[PDB]
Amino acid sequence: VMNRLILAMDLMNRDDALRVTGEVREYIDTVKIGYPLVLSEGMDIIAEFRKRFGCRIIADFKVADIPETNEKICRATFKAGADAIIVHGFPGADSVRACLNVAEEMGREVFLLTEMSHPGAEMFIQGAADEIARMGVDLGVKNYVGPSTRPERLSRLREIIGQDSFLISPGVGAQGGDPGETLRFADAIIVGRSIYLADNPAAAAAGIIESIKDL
């Protein structure tokens, strides 16, 4: 990922989303698009980005349904041009395998979300997260998401999935996570608001990378 930095583009206005992404394109090669933007502007926004900016697109859809519905969601998402989709592991192995099957059919990738970054993740997810990660290894998942806000957890995740798996991490900036500390364990950081709500998104992104390189 260019500069180890993935933009979380959660503005809900196409014009704002396009402005900010264009302003920071020199600093990233991947954009994470989620439901705030897609449910406001349509799934066609994925192909517009991917084309306009040349970027890869991770669809952060947190897929969390039964297997049959998960396959439909994944196939709609890959048809729209996403390169990868983020899947919850808490629904269990059949639900994840459904996503993996569609990704295999369509030449795309699944990222498994194993522990979330917000405080409420401590209630139920955290106690299951090591076992969710192990499930992912046993299913052949190679791409994972874990929390910048808890680097000790992020370290344990890395220790379960090994060095060859790819690990991305949200919660940097607005949620309190630190770029350099997170990159001790994650391959790339996800950053949303610290960039897209900045008075100068490009300067915000540049400053983060100046940190990353200094690693």
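Counting begins at 1, following the sequence as shown.
On mean Cα temperature factor in this entry, is 86 to 94 or 134 to 142 the higher one? Mean CA B-factor is higher for 134 to 142.
Mean Cα B-factor comparison, 162 to 170 or 62 to 70, giving the higher one as deposited: Averaging CA B-factors over each stretch, the winner is 162 to 170.
Name the one of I28, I57, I189, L37 with the greatest CA B-factor according to the PDB entry. That would be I28, according to the entry.
CA B-factor ranking of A203, expressed as a third of its chain: Its C-alpha B-factor belongs to the highest third of this chain's values.
Based on the deposited C-alpha B factors for this chain, I'd like to know if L18 is in the lowest, middle or highest third. According to the entry, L18 has a C-alpha B-factor in the chain's highest third.
Classify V24 as lowest, middle or highest third according to the C-alpha B-factor given in the PDB entry, relative to its own chain. Highest third - that is where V24 ends up once the chain's C-alpha B-factors are sorted.
Entry-reported Cα temperature factor of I33, expressed as the chain third it lands in: CA B-factor rank for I33: lowest third.
Ranking the modelled residues of this chain by C-alpha B-factor as given in the entry, is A8 in the lowest, middle or highest third? Its C-alpha B-factor belongs to the lowest third of this chain's values.
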